[PDB]
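Heads up, the thing below is written out as structure tokens.
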Amino acid sequence: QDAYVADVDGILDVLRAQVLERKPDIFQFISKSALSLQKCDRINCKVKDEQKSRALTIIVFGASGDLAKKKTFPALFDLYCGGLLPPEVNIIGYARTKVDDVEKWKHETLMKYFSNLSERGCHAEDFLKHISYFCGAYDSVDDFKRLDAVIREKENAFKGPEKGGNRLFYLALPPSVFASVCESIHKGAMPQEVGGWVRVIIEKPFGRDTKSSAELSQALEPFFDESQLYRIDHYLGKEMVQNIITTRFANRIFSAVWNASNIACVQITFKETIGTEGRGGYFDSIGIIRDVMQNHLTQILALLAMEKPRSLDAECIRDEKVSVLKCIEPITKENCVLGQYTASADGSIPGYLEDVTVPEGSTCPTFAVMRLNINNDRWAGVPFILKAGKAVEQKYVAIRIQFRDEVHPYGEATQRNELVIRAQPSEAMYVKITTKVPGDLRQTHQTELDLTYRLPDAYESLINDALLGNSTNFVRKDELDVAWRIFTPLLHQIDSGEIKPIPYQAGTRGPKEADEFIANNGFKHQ
Amino acid sequence: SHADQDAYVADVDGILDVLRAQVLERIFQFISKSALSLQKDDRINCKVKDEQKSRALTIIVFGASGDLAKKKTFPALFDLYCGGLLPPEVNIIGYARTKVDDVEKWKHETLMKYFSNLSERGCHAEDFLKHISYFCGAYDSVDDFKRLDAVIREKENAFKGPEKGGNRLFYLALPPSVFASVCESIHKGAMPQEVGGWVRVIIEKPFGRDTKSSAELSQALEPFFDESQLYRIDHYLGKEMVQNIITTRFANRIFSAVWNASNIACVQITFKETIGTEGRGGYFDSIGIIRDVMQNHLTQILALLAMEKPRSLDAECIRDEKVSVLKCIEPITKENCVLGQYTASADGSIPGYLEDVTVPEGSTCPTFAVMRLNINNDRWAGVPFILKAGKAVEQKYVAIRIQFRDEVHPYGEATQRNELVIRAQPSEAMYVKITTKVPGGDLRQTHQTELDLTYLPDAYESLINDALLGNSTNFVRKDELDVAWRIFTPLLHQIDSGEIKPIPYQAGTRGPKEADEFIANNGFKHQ
Amino acid sequence: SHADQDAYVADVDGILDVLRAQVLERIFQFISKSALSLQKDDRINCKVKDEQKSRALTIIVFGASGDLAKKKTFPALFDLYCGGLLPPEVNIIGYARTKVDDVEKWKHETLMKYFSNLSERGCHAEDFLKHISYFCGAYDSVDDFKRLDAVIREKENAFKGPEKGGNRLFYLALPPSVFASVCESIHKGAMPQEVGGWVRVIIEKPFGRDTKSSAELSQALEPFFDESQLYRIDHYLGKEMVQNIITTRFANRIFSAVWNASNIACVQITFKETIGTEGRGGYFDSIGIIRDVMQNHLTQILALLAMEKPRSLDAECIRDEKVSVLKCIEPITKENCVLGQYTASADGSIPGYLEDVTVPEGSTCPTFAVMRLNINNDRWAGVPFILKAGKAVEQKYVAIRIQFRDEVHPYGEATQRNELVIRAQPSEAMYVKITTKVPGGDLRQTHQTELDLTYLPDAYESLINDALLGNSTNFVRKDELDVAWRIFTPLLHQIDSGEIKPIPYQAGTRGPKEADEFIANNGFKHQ
């Protein structure tokens, strides 16, 4: 083995490069990079006794679609491998296209997208056995009755104590067919009277403005109520929400500074390096604000800014999400800077307008910075900045709370404290403070305190949440309405051409004007 | 309301800053005019400073043959040398009454025995002695100090550097009874040359034993040396702890905003030793635990911890703040004080306090004290402050512990009181206890976690260093000292008048069970 | 401080060495455990290698009838043969589209005309042709490459040596537009046999003309060949100069310690030719002097000269270092660039650049460029780096010149700036200029002396050799190439957008007077 002399040398070569980049004050850095450089098992079932007590069926509508096959089904697979699905779980992919060989479909359409991880891949065949294919319409009651019978079949065979069955319907569909699917389920394939709940996950967009969103909510409410309805936002992780709620509400120190008299500004940032990737045509209808800001970032804001919930029960948290959103003034055009990406320097990302499926003269924003004003006692005069961008300089999602400076007495020997909650590209939560350096008090150091102590990922966390019936991280009907009332005037102004996106090059941070806007609305760089 | 007090201070400071920004471009009457108008809208690496190596320096250790000087002061100067913080042309003169013949054998047999043997310093011992002279004199003869003056000028004019004259630190490693005469002596004829040089005088505890005694000494010294020159030293107050107290709080909005009645449930400052007093009733019995470390050591720590915000980090600004907060403290009452005196350890290895030839039989002198102070101001009213000191207890510990109020809602028993600890002994440590989420998934599944806020000459050494650098922060000012004595003297009288009595406790225990009951009855909740 | 950076690297490297010394006696987790614990303390003489003559080798020169291949590549392989650095069983196949009948007349009339006539090689010409075959094919038909594959295996299985299979160097002497298809073709069915053999592919400039164009090619080739296999060749970078740059510095404390901001006043890399472009506006006018030799040739020289210390002489370690330093370079600005275009010589023998049928009338294309780069890192911040390239100038020269800061004190005008020169053209030379005493007797009587640090296939030939030996050092890696393009592309855009303009200079002069003013205004002092 003269290839043992080699591989360890490469290991060392990597450690070397890590330390010379970071430049620690070195033994301990090597120690904690060696362990980050490492970082046929039976599935132990981690499911509650209520979950194993009744049959479960999960029906994914749109099963051969890109969302369902690249995201939903792999997610369910991960949950299965993690023991978070009951042992006798039934999953049915429902789609409109006839399939000769369902077993081929399973291998070719689903297994292809399963995590090729060693400790996952060897469960794939066992997982496929829990999956059926079902071919039907999304609007024909008789097809749902035929579905109902296929399910009752599996339910009534359940090797377990309670009768009937729980049914989770995942609508991996365009919003245009939701009303008809829901009506079809109502009439055709609700759970057996003998026992079981019905839950329905629906995907964005939830309309594109107050009116359209309300119309869609009125179209669904006669069939499913807010205990049954689960408007999923894929990006909102369990781990970041615990960061937002526990760190603050369980602690006097953080509770006491979480307000107007101690906070200079709050910024919620969503950054990706990817562009639209050929699908510009679809995005051109939606734009960055509707895509992630009115939904994802606003739910983050809500959770960050809410008053204290009467309890940690899901609907109490949702009540407070609603109340704080109700205090937010509609965003004005003057508090909004738009961007539209041009080609990256290496051309790996063609310009947004180079996409043939984007119509000539498109003014669609791929980037947006804006300021929200929360008019209540806790937040009055505190700038909340939402920032979202495609084809910018890195992949990143974080909350940055910047606290007011203590001018006296440290002056320039201190700077504003920050609390950062990051979810991407990895989870971190930390406070920047100034501390002494180990004669003069004026000699100080900015330091970062880590507050953060294979778990499921954000999307998997939400599906698990829906299976356990925890509504916390899902936008409720009333919450949604209020969110649309924050953004809709701005969207009208943008659709009437009153704001124009500034071109930025893909791979850069975005328009210089967006950074100046942040610095003009209460943020200091230091 | 708590937020408005801090806001009022921050407004005033902001107004003064814009006056400052104007009145630094071309007089009292410009303040008033701008006021109306604002309304309308190995080898010693030398680390020493330039000024330090720019003029000559003589350190005179008076009483140089006494225990304090040879076992503490000179070894401490030795460490500053090794750590490269003495100027390279440093002159050091031990002054004392005994006449000596072989100066070099004195440096070796009286001084060197007590230097640091550690191998990182062993090398430097002989180097450091080249800087030391001996001088034989009394502490009252004007003659001797004129003789000293000539010897100093000899060494000063020999300095090979730009500025003339010489700076002089007079260190009185002496009994306080002689401070007044030595100081008058230095005034009459051993002050620095007219051409240039500061003078500074380090004096040693005790600084009296009550309000009256302490003020006599202050009146005695103040004709000769002012508060920019006098340095009343406390061996135990270290730089590292002082910075932890001031910086961590005042540089940071997060801590500053919670440093008050509205957020803090209770505060304890603790000084604990396993050692007793054996064979030192000679000093201790007259002094007691309260005068030994509580009136002087714990109270300066308190002052630094409780003070309002100083406008800058200038030393006298900080000291102004120490004085103002001390003035808000009610004189300690006998109703708020639990005393102890130690007896022999259960195991019978450590002898009791009274079991000592040098201790008056039947002595009532406390080796232990726990007390509650009330700070009557907007920031602190109602907040229990507990001072605790004890000899011959279970462990050697010195720490501040701040206990914050619970957020009962909505985590309940899934959370508990945040704390902040600043420890100096047995080692430096500063942390906050807070409650965090655990990954893997109910909101009420929580952990306690201690955040480490942490990012070298010892305490004593760094005080000598600050005095060389001309920094008064950690030294008790005349006014400050008076107020502290007024806080403690009435209780000390009630103690001498027998009105409260020490409870016995076996050496090696926590102390009197009543002390812990006292603490828990004064707002502290055990974690 | 400069000494501490180097010391930090040398410490880290020393720690990794003691880990290496341990972890070579019986796993990542042993690094962490050892980390905590370290803290607590005439005839062709065959010169070829054994591995080289141990398995079969086929060199396939694609585009074998093109000018590059017949006038350069094959004569270069011929010289390697004569110098005894081709394996003795070497198979060489020229591949091309024209069908040929008399293979032997092709070798003589298309190839041999251009071999070296020199009498030391004349003898070997016919010898070398026995190793050459012809193959007629296209660059996209999977068929032809399956046919080639069979022909190669024929020659490979016929090898009279120990190891089976055969190593294959594919040389694409082709226009870059066909690189992608030829590479896919080789992937689909002409890779080396499964049993054994490496594959390597030499590709020829241009490697795009900007960041975008270059990255397209990289993405195009990377599905089929990785960076251990691809060899982007630069005909002009010679072994002898590369070793002068790396060894002279990194093997020697004396040079290593002075290779930084604290010691170096300014650095110029110069590429100068007397020849012009006459009758080659066909390539040049689209390219310009900056893309021709500066983005590619001068910048690799810069990278090698400016890089931080690699942990070893392993090729990819050196390349890692080239990339890191290139990443520290600010994109060149139009404010830091002086351009020229040549006109007819004063004597009227050489015609101007625009005086050529193959050159767009009114062309603005630079034949000359001087520019300042800023390298923003601890080692180089503030140090002027000047790149200079020019066609039709006064002499044929290629050299690095490092100018060190004066020691003004105490020799004054009896000394001047030390320099280090590494010259490759018109001949190899490496020297330092320093100031020495003269014998016979004042200390200020001094001389300048040039110390000669000096102690064979040409540049191009030695690159083909390195590729046969599997050494990537002097070849631009994919990441490296991208960064270089990012340094030059924004300036190239400002040039194409007309924002700066070339100054005319008569062929045979130094170039534009403004260029020399520029240089002297960027830290260089004439000796």
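Following the order of the structure tokens, chains are lettered A, B, ..., residues in each are numbered from 1, and ligands are numbered from 1.
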Item checked: Check: which chain B residues lie within 7 Å of chain A using only C-alpha atoms, as a ChimeraX atom specification -> /B:3,243-244,247-248,251-254,257-258,263,310-313,404-407,410-411,415,418,434-440,443,451,455
Dump as a short mmCIF file (atom, residue, chain, number, x, y, z; two decimals), in the first residue's frame, selection limited to N, CA, C and O atoms:
data_model
loop_
_atom_site.label_atom_id
_atom_site.label_comp_id
_atom_site.auth_asym_id
_atom_site.auth_seq_id
_atom_site.Cartn_x
_atom_site.Cartn_y
_atom_site.Cartn_z
N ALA B 3 -36.91 51.38 30.14
CA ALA B 3 -36.40 51.67 28.81
C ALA B 3 -36.26 53.18 28.58
O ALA B 3 -35.43 53.60 27.77
N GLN B 243 -12.97 43.90 33.43
CA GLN B 243 -13.35 44.03 32.02
C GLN B 243 -14.60 43.19 31.71
O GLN B 243 -15.48 43.61 30.98
N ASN B 244 -14.66 41.98 32.27
CA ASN B 244 -15.84 41.15 32.15
C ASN B 244 -17.07 41.92 32.65
O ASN B 244 -18.12 41.84 32.04
N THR B 247 -17.16 45.69 30.11
CA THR B 247 -17.32 45.49 28.67
C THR B 247 -18.57 44.66 28.35
O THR B 247 -19.42 45.05 27.54
N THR B 248 -18.70 43.51 29.01
CA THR B 248 -19.74 42.57 28.62
C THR B 248 -21.09 43.26 28.64
O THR B 248 -21.92 42.99 27.78
N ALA B 251 -20.78 47.49 26.44
CA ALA B 251 -20.50 47.48 25.01
C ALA B 251 -21.63 46.83 24.21
O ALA B 251 -21.61 46.85 22.98
N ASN B 252 -22.59 46.22 24.92
CA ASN B 252 -23.56 45.33 24.32
C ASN B 252 -24.97 45.74 24.70
O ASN B 252 -25.31 45.75 25.88
N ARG B 253 -25.80 46.03 23.70
CA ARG B 253 -27.20 46.33 23.96
C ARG B 253 -27.90 45.18 24.69
O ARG B 253 -28.72 45.43 25.57
N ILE B 254 -27.58 43.92 24.33
CA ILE B 254 -28.30 42.75 24.82
C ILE B 254 -28.23 42.69 26.34
O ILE B 254 -29.25 42.53 26.98
N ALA B 257 -29.54 46.18 28.40
CA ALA B 257 -30.97 46.39 28.49
C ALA B 257 -31.61 45.52 29.57
O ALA B 257 -32.74 45.80 29.96
N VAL B 258 -30.90 44.49 30.06
CA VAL B 258 -31.46 43.56 31.03
C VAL B 258 -30.84 43.77 32.41
O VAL B 258 -31.13 43.03 33.34
N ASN B 263 -35.62 42.96 35.20
CA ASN B 263 -35.19 41.73 34.56
C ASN B 263 -34.42 40.82 35.52
O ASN B 263 -34.38 39.61 35.31
N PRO B 310 -21.20 55.26 32.51
CA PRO B 310 -20.29 56.40 32.38
C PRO B 310 -20.26 56.90 30.94
O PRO B 310 -20.44 56.11 30.03
N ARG B 311 -20.04 58.20 30.75
CA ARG B 311 -20.05 58.78 29.42
C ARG B 311 -18.86 58.29 28.60
O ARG B 311 -18.91 58.27 27.38
N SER B 312 -17.77 57.89 29.26
CA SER B 312 -16.64 57.34 28.53
C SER B 312 -15.90 56.35 29.42
O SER B 312 -16.32 56.09 30.55
N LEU B 313 -14.80 55.81 28.91
CA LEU B 313 -14.01 54.84 29.65
C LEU B 313 -12.86 55.53 30.38
O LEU B 313 -12.01 54.84 30.92
N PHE B 404 -31.74 36.03 36.70
CA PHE B 404 -32.79 36.77 36.02
C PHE B 404 -34.16 36.18 36.33
O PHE B 404 -34.25 35.01 36.68
N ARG B 405 -35.21 36.98 36.15
CA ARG B 405 -36.57 36.56 36.45
C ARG B 405 -37.00 35.49 35.45
O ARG B 405 -36.57 35.51 34.29
N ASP B 406 -37.84 34.56 35.90
CA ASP B 406 -38.36 33.51 35.05
C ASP B 406 -39.30 34.15 34.02
O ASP B 406 -39.95 35.16 34.31
N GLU B 407 -39.30 33.58 32.81
CA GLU B 407 -40.45 33.66 31.92
C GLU B 407 -41.27 32.40 32.18
O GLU B 407 -40.94 31.30 31.71
N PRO B 410 -44.63 31.20 27.93
CA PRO B 410 -45.48 30.00 28.00
C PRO B 410 -44.82 28.64 28.18
O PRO B 410 -45.50 27.62 28.04
N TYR B 411 -43.52 28.60 28.50
CA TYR B 411 -42.78 27.34 28.57
C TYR B 411 -42.97 26.64 29.92
O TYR B 411 -42.77 25.43 30.02
N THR B 415 -38.87 25.67 31.01
CA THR B 415 -37.82 26.67 31.11
C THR B 415 -37.57 26.99 32.58
O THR B 415 -38.35 26.61 33.46
N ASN B 418 -32.77 32.21 33.59
CA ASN B 418 -31.47 32.51 33.02
C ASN B 418 -30.55 33.01 34.12
O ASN B 418 -31.00 33.59 35.10
N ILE B 434 -29.03 29.61 29.57
CA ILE B 434 -30.28 29.85 28.87
C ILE B 434 -30.89 28.52 28.45
O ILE B 434 -30.22 27.49 28.49
N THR B 435 -32.15 28.58 28.02
CA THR B 435 -32.88 27.39 27.62
C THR B 435 -33.00 27.34 26.10
O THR B 435 -33.47 28.31 25.49
N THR B 436 -32.58 26.22 25.50
CA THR B 436 -32.65 26.04 24.06
C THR B 436 -33.52 24.84 23.70
O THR B 436 -33.83 23.99 24.53
N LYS B 437 -33.94 24.82 22.43
CA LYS B 437 -34.58 23.67 21.81
C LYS B 437 -33.56 22.54 21.67
O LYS B 437 -32.36 22.80 21.55
N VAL B 438 -34.05 21.30 21.70
CA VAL B 438 -33.25 20.15 21.30
C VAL B 438 -33.74 19.70 19.92
O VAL B 438 -34.94 19.78 19.65
N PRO B 439 -32.85 19.28 19.00
CA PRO B 439 -33.29 18.73 17.71
C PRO B 439 -33.73 17.26 17.77
O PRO B 439 -33.00 16.40 18.25
N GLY B 440 -34.96 16.99 17.29
CA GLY B 440 -35.46 15.63 17.15
C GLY B 440 -35.95 15.04 18.46
O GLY B 440 -37.18 15.01 18.65
N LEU B 443 -42.17 21.45 20.94
CA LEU B 443 -41.63 22.76 21.29
C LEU B 443 -41.16 22.80 22.75
O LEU B 443 -40.23 23.53 23.06
N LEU B 451 -23.70 29.21 27.75
CA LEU B 451 -22.94 29.91 26.72
C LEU B 451 -21.70 30.52 27.35
O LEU B 451 -21.82 31.30 28.30
N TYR B 455 -13.43 34.95 25.40
CA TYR B 455 -12.70 34.90 24.14
C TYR B 455 -11.27 34.44 24.44
O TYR B 455 -11.05 33.20 24.52
#
Check: So which bits of stretch 36-198 of chain C end up helix (DSSP H, G or I) when you DSSP the backbone, as a VMD selection string?
Finding: chain C and resid 36 to 39 67 to 82 103 to 114 119 to 122 125 to 129 142 to 157 176 to 189
Those residues you just picked out, can you put them in a file as a PDB file, in the first residue's frame with C-alpha atoms?
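What ended up in part_10.pdb:
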ATOM      1  CA  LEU C  36      -5.520  17.370  21.455  1.00  0.00           C
ATOM      2  CA  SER C  37      -2.431  15.424  22.611  1.00  0.00           C
ATOM      3  CA  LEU C  38       0.122  17.400  20.551  1.00  0.00           C
ATOM      4  CA  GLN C  39      -1.346  20.584  22.123  1.00  0.00           C
ATOM      5  CA  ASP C  67       0.029  23.293 -40.163  1.00  0.00           C
ATOM      6  CA  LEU C  68       0.355  23.056 -36.357  1.00  0.00           C
ATOM      7  CA  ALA C  69       0.821  19.249 -36.384  1.00  0.00           C
ATOM      8  CA  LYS C  70       3.253  18.912 -39.318  1.00  0.00           C
ATOM      9  CA  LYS C  71       5.315  22.063 -38.647  1.00  0.00           C
ATOM     10  CA  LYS C  72       5.288  21.866 -34.827  1.00  0.00           C
ATOM     11  CA  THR C  73       3.871  18.748 -33.140  1.00  0.00           C
ATOM     12  CA  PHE C  74       5.593  16.024 -35.202  1.00  0.00           C
ATOM     13  CA  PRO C  75       9.006  17.819 -35.294  1.00  0.00           C
ATOM     14  CA  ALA C  76       8.607  18.181 -31.502  1.00  0.00           C
ATOM     15  CA  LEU C  77       7.927  14.456 -31.055  1.00  0.00           C
ATOM     16  CA  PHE C  78      10.906  13.914 -33.375  1.00  0.00           C
ATOM     17  CA  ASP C  79      13.154  15.868 -30.994  1.00  0.00           C
ATOM     18  CA  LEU C  80      11.885  13.927 -27.961  1.00  0.00           C
ATOM     19  CA  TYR C  81      12.767  10.776 -29.902  1.00  0.00           C
ATOM     20  CA  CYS C  82      16.297  12.026 -30.694  1.00  0.00           C
ATOM     21  CA  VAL C 103       1.608   6.298 -46.510  1.00  0.00           C
ATOM     22  CA  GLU C 104       5.409   6.459 -46.805  1.00  0.00           C
ATOM     23  CA  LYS C 105       5.339   9.439 -49.196  1.00  0.00           C
ATOM     24  CA  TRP C 106       3.082  11.295 -46.744  1.00  0.00           C
ATOM     25  CA  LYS C 107       5.563  10.811 -43.879  1.00  0.00           C
ATOM     26  CA  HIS C 108       8.306  12.204 -46.159  1.00  0.00           C
ATOM     27  CA  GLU C 109       6.536  15.056 -47.994  1.00  0.00           C
ATOM     28  CA  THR C 110       4.052  16.263 -45.327  1.00  0.00           C
ATOM     29  CA  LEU C 111       6.083  15.442 -42.163  1.00  0.00           C
ATOM     30  CA  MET C 112       9.813  14.998 -42.894  1.00  0.00           C
ATOM     31  CA  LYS C 113      10.275  18.304 -44.765  1.00  0.00           C
ATOM     32  CA  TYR C 114       9.702  19.992 -41.372  1.00  0.00           C
ATOM     33  CA  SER C 119      23.300  16.801 -38.312  1.00  0.00           C
ATOM     34  CA  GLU C 120      22.867  15.476 -34.737  1.00  0.00           C
ATOM     35  CA  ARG C 121      19.288  14.522 -35.762  1.00  0.00           C
ATOM     36  CA  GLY C 122      19.479  14.101 -39.568  1.00  0.00           C
ATOM     37  CA  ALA C 125      14.790  10.909 -39.276  1.00  0.00           C
ATOM     38  CA  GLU C 126      14.092   7.576 -41.018  1.00  0.00           C
ATOM     39  CA  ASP C 127      14.319   5.723 -37.671  1.00  0.00           C
ATOM     40  CA  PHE C 128      11.527   7.869 -36.209  1.00  0.00           C
ATOM     41  CA  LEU C 129       9.196   7.342 -39.199  1.00  0.00           C
ATOM     42  CA  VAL C 142     -18.400   6.716 -33.835  1.00  0.00           C
ATOM     43  CA  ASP C 143     -17.582   4.220 -36.593  1.00  0.00           C
ATOM     44  CA  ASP C 144     -14.119   5.663 -37.337  1.00  0.00           C
ATOM     45  CA  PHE C 145     -13.087   5.631 -33.663  1.00  0.00           C
ATOM     46  CA  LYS C 146     -14.163   1.996 -33.288  1.00  0.00           C
ATOM     47  CA  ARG C 147     -11.945   1.416 -36.355  1.00  0.00           C
ATOM     48  CA  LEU C 148      -9.129   3.387 -34.715  1.00  0.00           C
ATOM     49  CA  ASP C 149      -9.674   1.453 -31.471  1.00  0.00           C
ATOM     50  CA  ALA C 150      -9.099  -1.810 -33.364  1.00  0.00           C
ATOM     51  CA  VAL C 151      -5.934  -0.441 -35.028  1.00  0.00           C
ATOM     52  CA  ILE C 152      -4.598   0.682 -31.621  1.00  0.00           C
ATOM     53  CA  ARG C 153      -5.297  -2.698 -29.965  1.00  0.00           C
ATOM     54  CA  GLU C 154      -3.477  -4.321 -32.919  1.00  0.00           C
ATOM     55  CA  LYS C 155      -0.320  -2.340 -32.051  1.00  0.00           C
ATOM     56  CA  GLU C 156      -0.958  -2.678 -28.288  1.00  0.00           C
ATOM     57  CA  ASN C 157      -1.314  -6.479 -28.086  1.00  0.00           C
ATOM     58  CA  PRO C 176     -11.289  24.209 -30.737  1.00  0.00           C
ATOM     59  CA  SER C 177     -14.711  24.008 -32.414  1.00  0.00           C
ATOM     60  CA  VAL C 178     -14.205  20.239 -32.854  1.00  0.00           C
ATOM     61  CA  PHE C 179     -12.774  19.426 -29.408  1.00  0.00           C
ATOM     62  CA  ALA C 180     -16.137  18.450 -27.949  1.00  0.00           C
ATOM     63  CA  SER C 181     -17.080  15.927 -30.662  1.00  0.00           C
ATOM     64  CA  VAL C 182     -13.621  14.311 -30.910  1.00  0.00           C
ATOM     65  CA  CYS C 183     -13.675  13.959 -27.099  1.00  0.00           C
ATOM     66  CA  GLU C 184     -17.142  12.398 -27.060  1.00  0.00           C
ATOM     67  CA  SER C 185     -15.969  10.129 -29.907  1.00  0.00           C
ATOM     68  CA  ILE C 186     -12.961   8.942 -27.897  1.00  0.00           C
ATOM     69  CA  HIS C 187     -15.259   8.366 -24.891  1.00  0.00           C
ATOM     70  CA  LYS C 188     -17.779   6.301 -26.864  1.00  0.00           C
ATOM     71  CA  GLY C 189     -15.182   3.893 -28.280  1.00  0.00           C
TER      72      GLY C 189
END
Item checked: Point-to-point distance from atom CA of residue B:518 to atom CA of residue B:500, Å rounded to tenths ->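 Spanning atom CA of residue B:518 to atom CA of residue B:500 is a straight-line distance of 14.8 Å.
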Next item on the list: Identify, on the basis of only C-alpha atoms, every residue whose closest approach to residue C:393 does not exceed 8 Å; exclude the query and any residue fewer than 4 positions from it along the same chain; express the result as a list in words.
Entry: residues 272, 273, 274, 275, 507, 508, 509, 510 and 511 of chain C
Dump N, CA and C atoms for the selected residues as a PDB file, in the first residue's frame?
ATOM      1  N   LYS C 272       8.508  40.219 -25.316  1.00  0.00           N
ATOM      2  CA  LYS C 272       8.778  41.154 -26.395  1.00  0.00           C
ATOM      3  C   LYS C 272       9.291  40.405 -27.609  1.00  0.00           C
ATOM      4  N   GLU C 273       8.761  40.785 -28.779  1.00  0.00           N
ATOM      5  CA  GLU C 273       9.185  40.240 -30.057  1.00  0.00           C
ATOM      6  C   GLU C 273       9.468  41.389 -31.016  1.00  0.00           C
ATOM      7  N   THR C 274      10.470  41.175 -31.879  1.00  0.00           N
ATOM      8  CA  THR C 274      10.709  42.048 -33.016  1.00  0.00           C
ATOM      9  C   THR C 274       9.746  41.733 -34.157  1.00  0.00           C
ATOM     10  N   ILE C 275       9.295  40.471 -34.273  1.00  0.00           N
ATOM     11  CA  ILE C 275       8.409  40.105 -35.371  1.00  0.00           C
ATOM     12  C   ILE C 275       7.068  40.803 -35.162  1.00  0.00           C
ATOM     13  N   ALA C 507       7.097  50.308 -35.696  1.00  0.00           N
ATOM     14  CA  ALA C 507       7.745  49.023 -35.549  1.00  0.00           C
ATOM     15  C   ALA C 507       9.228  49.260 -35.322  1.00  0.00           C
ATOM     16  N   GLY C 508       9.786  48.593 -34.304  1.00  0.00           N
ATOM     17  CA  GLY C 508      11.211  48.652 -34.033  1.00  0.00           C
ATOM     18  C   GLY C 508      11.554  49.564 -32.861  1.00  0.00           C
ATOM     19  N   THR C 509      10.592  50.374 -32.395  1.00  0.00           N
ATOM     20  CA  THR C 509      10.773  51.148 -31.176  1.00  0.00           C
ATOM     21  C   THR C 509      10.375  50.304 -29.966  1.00  0.00           C
ATOM     22  N   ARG C 510      10.639  50.840 -28.768  1.00  0.00           N
ATOM     23  CA  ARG C 510      10.218  50.218 -27.519  1.00  0.00           C
ATOM     24  C   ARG C 510       8.700  50.065 -27.467  1.00  0.00           C
ATOM     25  N   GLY C 511       7.991  50.933 -28.189  1.00  0.00           N
ATOM     26  CA  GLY C 511       6.555  51.047 -28.055  1.00  0.00           C
ATOM     27  C   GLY C 511       6.171  52.466 -27.666  1.00  0.00           C
TER      28      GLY C 511
END
Margin query: Need the shell around residue C:278: protein/DNA/RNA residues with any atom at most 7 Å away, counting only C-alpha atoms. Skip same-chain ones fewer than 2 positions apart. Format as a list in words?
Written below: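 My reading of the contact set: residues 276, 280 and 356 of chain C.
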Expected file contents, prior selection, N, CA, C and O atoms, as a PDB file, in the first residue's frame:
ATOM      1  N   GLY C 276       6.410  41.085 -36.298  1.00  0.00           N
ATOM      2  CA  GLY C 276       5.038  41.567 -36.332  1.00  0.00           C
ATOM      3  C   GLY C 276       4.058  40.440 -36.639  1.00  0.00           C
ATOM      4  O   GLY C 276       4.322  39.278 -36.326  1.00  0.00           O
ATOM      5  N   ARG C 280      -1.178  37.610 -40.935  1.00  0.00           N
ATOM      6  CA  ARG C 280      -1.812  36.753 -39.945  1.00  0.00           C
ATOM      7  C   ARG C 280      -2.861  37.539 -39.152  1.00  0.00           C
ATOM      8  O   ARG C 280      -3.298  37.084 -38.095  1.00  0.00           O
ATOM      9  N   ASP C 356      -2.097  45.545 -44.306  1.00  0.00           N
ATOM     10  CA  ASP C 356      -2.180  44.103 -44.460  1.00  0.00           C
ATOM     11  C   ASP C 356      -3.588  43.798 -44.956  1.00  0.00           C
ATOM     12  O   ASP C 356      -4.553  44.352 -44.436  1.00  0.00           O
TER      13      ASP C 356
END
Next item on the list: Would you kindly return, as a list in words, each protein, DNA or RNA residue with an atom no farther than 8 Å from any atom of stretch 318-329 of chain A, considering only C-alpha atoms and excluding same-chain residues fewer than 3 positions away?
Entry: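 Non-adjacent residues within range: residues 299, 302, 303, 305, 306, 307, 308, 309, 314, 315, 372, 373, 374, 375, 376, 472, 475, 476, 478, 479, 482, 483 and 486 of chain A.
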